[PDB]
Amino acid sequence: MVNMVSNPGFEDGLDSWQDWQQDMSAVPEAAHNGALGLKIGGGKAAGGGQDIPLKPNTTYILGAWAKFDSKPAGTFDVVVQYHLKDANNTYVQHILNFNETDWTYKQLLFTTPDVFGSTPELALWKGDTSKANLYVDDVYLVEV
């Protein structure tokens, strides 16, 4: 069994993760497992992610642990996103939504198309604009 996500538990800090809004830190307060987790700071929409080459016609599971440290207004989303390879490059997003203030695990299943329009991206997107900080850890993307 292989997790496609690089540094999936943030145990190597922010290695392999893009920081899009300069609002990410690998800290112990955000750890669900191991010593570190990802904190996305509250107050503005922010996130990060990584490119993950996926196999065509393949079924995957996407899962993650998350919690906000205070009640949020919006959500924190764990997303696999890519274009289909057709005349339109239709955009598809497989989305997990979190708004819980206790550590919560969520997972989904998806099957990739025969051809990709773009390289799949794993996005950790804290669209919430409340003061709440977001903790995320142990992100899984696994072929089943």
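The first residue of the shown sequence is 1; numbering continues from there.
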item	value
Entry-level comparison of average CA B-factors, 133-141 and 1-9, reporting the higher stretch	1-9
Higher-B stretch (mean Cα B-factor, as the entry records it), 22-30 or 101-109	22-30
Candidate set 118, 75, 93, 59 [ranked by C-alpha B-factor, highest]	118
Given 52, 66, 38, 79, the residue at which the Cα B factor reaches its maximum	52
